[PDB]
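Only one structure is covered here, and it is reproduced in the block below.
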Amino acid sequence: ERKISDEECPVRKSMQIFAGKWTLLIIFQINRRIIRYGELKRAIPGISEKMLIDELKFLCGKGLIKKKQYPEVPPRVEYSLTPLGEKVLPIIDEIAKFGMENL
Amino acid sequence: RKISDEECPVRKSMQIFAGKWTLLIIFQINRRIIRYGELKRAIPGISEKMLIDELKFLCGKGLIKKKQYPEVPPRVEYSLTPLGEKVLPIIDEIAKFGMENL
């Protein structure tokens, strides 16, 4: 007998954000640095352009990553983690550990 | 630093954990034994098809054990394998994120 996972469950709430096949990997790649869009895309080979920018939009909307605009020649977007997004890194540490030990 | 290619431990893990339901199911089975029907009720809004495909996926990935009892009335029970129990520290961090920020 354990508490059920209704729409209030803290794990179920979290999986609304993190359920993507790319969400946590993007956060993993950004990490504690500033990364250009192009570097980010090359840091996750196989992710399509569409899957990257919908996911980048999603994460901005959730306040997990921040976007810096540079309207210069040539122009660029830079992404970094917010303090909220930084709170996801402990989850990712544990995922990395699982992978390295078991896969 | 290190790119998320085929040799990336995070990328490898997300092949398994990407589901809407995967981590929720592991979380609900947890360190006990649970019948299909109890587990179905423990995650409201999951369809029969979703739960069955996911259970089969998790068995295939060696994360949960299925045990049939061909008796009257019949039952399937699920528990975590030792590999599955190693997913619980991930889920603890997710639960922590959920209650603190959501």
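Ligands are numbered from 1 in the order shown, residues from 1 within each chain, and chains are lettered A, B, ... in the order they appear in the structure tokens.
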Using only C-alpha atoms, I'd like every residue of chain A that has an atom within 6 Å of chain B; please write them out as an mmCIF file with N, CA and C atoms, in the first residue's frame.
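Saved file result-v3.cif follows:
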```
data_model
loop_
_atom_site.group_PDB
_atom_site.id
_atom_site.type_symbol
_atom_site.label_atom_id
_atom_site.label_comp_id
_atom_site.auth_asym_id
_atom_site.auth_seq_id
_atom_site.Cartn_x
_atom_site.Cartn_y
_atom_site.Cartn_z
ATOM 1 N N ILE A 4 -1.060 6.763 -4.361
ATOM 2 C CA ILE A 4 -1.245 6.626 -5.809
ATOM 3 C C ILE A 4 -0.674 7.819 -6.573
ATOM 4 N N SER A 5 -0.420 7.612 -7.863
ATOM 5 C CA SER A 5 0.094 8.661 -8.734
ATOM 6 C C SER A 5 -1.016 9.315 -9.554
ATOM 7 N N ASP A 6 -1.844 10.102 -8.873
ATOM 8 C CA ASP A 6 -2.863 10.911 -9.537
ATOM 9 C C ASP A 6 -2.219 12.146 -10.166
ATOM 10 N N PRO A 10 4.047 14.046 -7.198
ATOM 11 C CA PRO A 10 5.220 14.864 -7.525
ATOM 12 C C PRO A 10 6.029 14.256 -8.681
ATOM 13 N N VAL A 11 5.982 12.932 -8.810
ATOM 14 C CA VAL A 11 6.681 12.232 -9.883
ATOM 15 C C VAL A 11 5.918 12.405 -11.202
ATOM 16 N N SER A 14 6.283 15.874 -12.506
ATOM 17 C CA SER A 14 7.613 16.066 -13.109
ATOM 18 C C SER A 14 7.717 15.481 -14.504
ATOM 19 N N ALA A 19 9.226 13.978 -19.759
ATOM 20 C CA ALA A 19 8.889 12.767 -20.526
ATOM 21 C C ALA A 19 9.462 12.721 -21.943
ATOM 22 N N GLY A 20 9.850 13.854 -22.500
ATOM 23 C CA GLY A 20 10.379 13.849 -23.860
ATOM 24 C C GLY A 20 11.549 12.908 -24.068
ATOM 25 N N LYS A 21 11.795 12.483 -25.305
ATOM 26 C CA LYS A 21 13.030 11.733 -25.571
ATOM 27 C C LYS A 21 14.258 12.659 -25.625
ATOM 28 N N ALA A 43 25.914 18.553 -30.340
ATOM 29 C CA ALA A 43 26.116 17.802 -29.097
ATOM 30 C C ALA A 43 25.103 16.654 -28.914
ATOM 31 N N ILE A 44 24.033 16.664 -29.713
ATOM 32 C CA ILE A 44 23.024 15.593 -29.723
ATOM 33 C C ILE A 44 22.744 15.141 -31.172
ATOM 34 N N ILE A 91 18.980 15.010 -11.026
ATOM 35 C CA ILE A 91 18.259 13.897 -11.654
ATOM 36 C C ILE A 91 19.150 13.265 -12.721
ATOM 37 N N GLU A 94 22.085 11.153 -11.591
ATOM 38 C CA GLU A 94 21.633 9.813 -11.292
ATOM 39 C C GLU A 94 21.367 8.963 -12.558
ATOM 40 N N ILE A 95 20.848 9.591 -13.618
ATOM 41 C CA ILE A 95 20.630 8.909 -14.891
ATOM 42 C C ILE A 95 21.950 8.495 -15.535
ATOM 43 N N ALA A 96 22.939 9.390 -15.479
ATOM 44 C CA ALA A 96 24.276 9.097 -15.993
ATOM 45 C C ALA A 96 24.893 7.916 -15.253
ATOM 46 N N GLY A 99 23.257 4.608 -16.355
ATOM 47 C CA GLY A 99 23.813 4.231 -17.623
ATOM 48 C C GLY A 99 25.219 3.637 -17.559
ATOM 49 N N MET A 100 26.115 4.294 -16.821
ATOM 50 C CA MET A 100 27.527 3.902 -16.744
ATOM 51 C C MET A 100 27.701 2.604 -15.992
#
```
Self-check item: Per-residue DSSP, chain B, filtered to strand (DSSP E or B), as a ChimeraX atom specification
Solution: /B:34-35,64-69,75-80
Exercise. Please run DSSP on the backbone and report, as a ChimeraX atom specification, all residues within range 2-71 of chain A that come out as alpha helix (DSSP H).
Key: /A:10-18,23-30,37-43,49-61
Exercise. Please indicate the distance in Å from CA of residue 66 in chain B to CA of residue 9 in chain A, rounded to one decimal place.
Key: 25.3 Å
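For residue 62 in chain A, the set of protein, DNA and RNA residues having any atom at most 12 Å away, when counting only C-alpha atoms and skipping those fewer than 4 positions along the same chain, is residues 14, 16, 17, 18, 23, 55, 56, 57, 58, 66, 81, 82, 84 and 85 of chain A; 101 and 102 of chain B.
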Practice problem: Please provide the set of residues having any atom within 12 Å of range 51-53 of chain A, restricted to only C-alpha atoms, with same-chain residues fewer than 2 positions apart removed, written as a PyMOL selection string. | Solution: chain A and resi 20-23+25-27+37-49+55-61+67+77+79
For the selection just defined, write its residues with N, CA and C atoms to a file, as an mmCIF file, in the first residue's frame.
```
data_model
loop_
_atom_site.group_PDB
_atom_site.id
_atom_site.type_symbol
_atom_site.label_atom_id
_atom_site.label_comp_id
_atom_site.auth_asym_id
_atom_site.auth_seq_id
_atom_site.Cartn_x
_atom_site.Cartn_y
_atom_site.Cartn_z
ATOM 1 N N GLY A 20 9.850 13.854 -22.500
ATOM 2 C CA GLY A 20 10.379 13.849 -23.860
ATOM 3 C C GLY A 20 11.549 12.908 -24.068
ATOM 4 N N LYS A 21 11.795 12.483 -25.305
ATOM 5 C CA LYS A 21 13.030 11.733 -25.571
ATOM 6 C C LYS A 21 14.258 12.659 -25.625
ATOM 7 N N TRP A 22 14.015 13.967 -25.701
ATOM 8 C CA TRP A 22 15.113 14.929 -25.817
ATOM 9 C C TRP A 22 15.267 15.898 -24.656
ATOM 10 N N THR A 23 14.201 16.092 -23.884
ATOM 11 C CA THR A 23 14.184 17.088 -22.797
ATOM 12 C C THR A 23 15.404 17.046 -21.860
ATOM 13 N N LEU A 25 18.181 15.268 -22.073
ATOM 14 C CA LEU A 25 19.451 15.279 -22.813
ATOM 15 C C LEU A 25 19.896 16.694 -23.181
ATOM 16 N N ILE A 26 18.945 17.520 -23.590
ATOM 17 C CA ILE A 26 19.212 18.928 -23.845
ATOM 18 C C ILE A 26 19.752 19.615 -22.584
ATOM 19 N N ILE A 27 19.070 19.394 -21.455
ATOM 20 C CA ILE A 27 19.465 19.977 -20.180
ATOM 21 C C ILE A 27 20.857 19.457 -19.802
ATOM 22 N N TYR A 37 23.095 27.479 -30.167
ATOM 23 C CA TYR A 37 22.177 26.533 -30.811
ATOM 24 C C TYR A 37 22.887 25.454 -31.638
ATOM 25 N N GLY A 38 23.808 25.881 -32.502
ATOM 26 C CA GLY A 38 24.510 24.982 -33.416
ATOM 27 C C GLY A 38 25.386 23.968 -32.707
ATOM 28 N N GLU A 39 26.078 24.408 -31.653
ATOM 29 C CA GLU A 39 26.871 23.510 -30.812
ATOM 30 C C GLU A 39 25.965 22.484 -30.122
ATOM 31 N N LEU A 40 24.808 22.953 -29.647
ATOM 32 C CA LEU A 40 23.826 22.121 -28.939
ATOM 33 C C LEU A 40 23.329 21.025 -29.875
ATOM 34 N N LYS A 41 22.937 21.411 -31.088
ATOM 35 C CA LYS A 41 22.484 20.442 -32.091
ATOM 36 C C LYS A 41 23.550 19.399 -32.418
ATOM 37 N N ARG A 42 24.803 19.841 -32.528
ATOM 38 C CA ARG A 42 25.921 18.922 -32.761
ATOM 39 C C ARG A 42 26.280 18.076 -31.534
ATOM 40 N N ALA A 43 25.914 18.553 -30.340
ATOM 41 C CA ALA A 43 26.116 17.802 -29.097
ATOM 42 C C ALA A 43 25.103 16.654 -28.914
ATOM 43 N N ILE A 44 24.033 16.664 -29.713
ATOM 44 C CA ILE A 44 23.024 15.593 -29.723
ATOM 45 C C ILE A 44 22.744 15.141 -31.172
ATOM 46 N N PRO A 45 23.679 14.382 -31.779
ATOM 47 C CA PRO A 45 23.491 14.002 -33.184
ATOM 48 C C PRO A 45 22.326 13.032 -33.371
ATOM 49 N N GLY A 46 21.475 13.332 -34.348
ATOM 50 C CA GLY A 46 20.304 12.512 -34.642
ATOM 51 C C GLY A 46 19.000 13.234 -34.356
ATOM 52 N N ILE A 47 19.054 14.246 -33.490
ATOM 53 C CA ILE A 47 17.892 15.105 -33.244
ATOM 54 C C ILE A 47 17.659 16.026 -34.453
ATOM 55 N N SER A 48 16.445 16.000 -34.995
ATOM 56 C CA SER A 48 16.094 16.864 -36.126
ATOM 57 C C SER A 48 15.984 18.321 -35.694
ATOM 58 N N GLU A 49 16.022 19.224 -36.671
ATOM 59 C CA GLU A 49 15.881 20.657 -36.430
ATOM 60 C C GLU A 49 14.556 20.967 -35.729
ATOM 61 N N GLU A 55 11.404 21.615 -28.609
ATOM 62 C CA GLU A 55 11.911 21.277 -27.277
ATOM 63 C C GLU A 55 12.564 22.489 -26.599
ATOM 64 N N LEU A 56 13.386 23.230 -27.338
ATOM 65 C CA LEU A 56 13.936 24.496 -26.838
ATOM 66 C C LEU A 56 12.842 25.491 -26.436
ATOM 67 N N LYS A 57 11.768 25.568 -27.225
ATOM 68 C CA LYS A 57 10.625 26.434 -26.899
ATOM 69 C C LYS A 57 9.910 25.964 -25.636
ATOM 70 N N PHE A 58 9.612 24.671 -25.586
ATOM 71 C CA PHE A 58 9.000 24.038 -24.415
ATOM 72 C C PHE A 58 9.767 24.381 -23.129
ATOM 73 N N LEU A 59 11.076 24.128 -23.131
ATOM 74 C CA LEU A 59 11.930 24.366 -21.960
ATOM 75 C C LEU A 59 12.037 25.834 -21.535
ATOM 76 N N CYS A 60 12.036 26.749 -22.509
ATOM 77 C CA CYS A 60 11.960 28.189 -22.216
ATOM 78 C C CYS A 60 10.629 28.523 -21.536
ATOM 79 N N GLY A 61 9.543 27.958 -22.068
ATOM 80 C CA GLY A 61 8.195 28.155 -21.534
ATOM 81 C C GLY A 61 8.013 27.629 -20.121
ATOM 82 N N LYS A 67 17.158 32.133 -22.950
ATOM 83 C CA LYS A 67 17.588 32.398 -24.327
ATOM 84 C C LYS A 67 18.169 33.805 -24.479
ATOM 85 N N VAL A 77 21.845 32.558 -31.323
ATOM 86 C CA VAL A 77 21.162 32.316 -30.046
ATOM 87 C C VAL A 77 22.054 31.536 -29.088
ATOM 88 N N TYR A 79 21.991 29.613 -25.231
ATOM 89 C CA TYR A 79 21.157 29.056 -24.171
ATOM 90 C C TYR A 79 21.969 28.713 -22.927
#
```
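The spacing separating CA of residue 60 in chain B from CA of residue 98 in chain A amounts to 17.4 Å.
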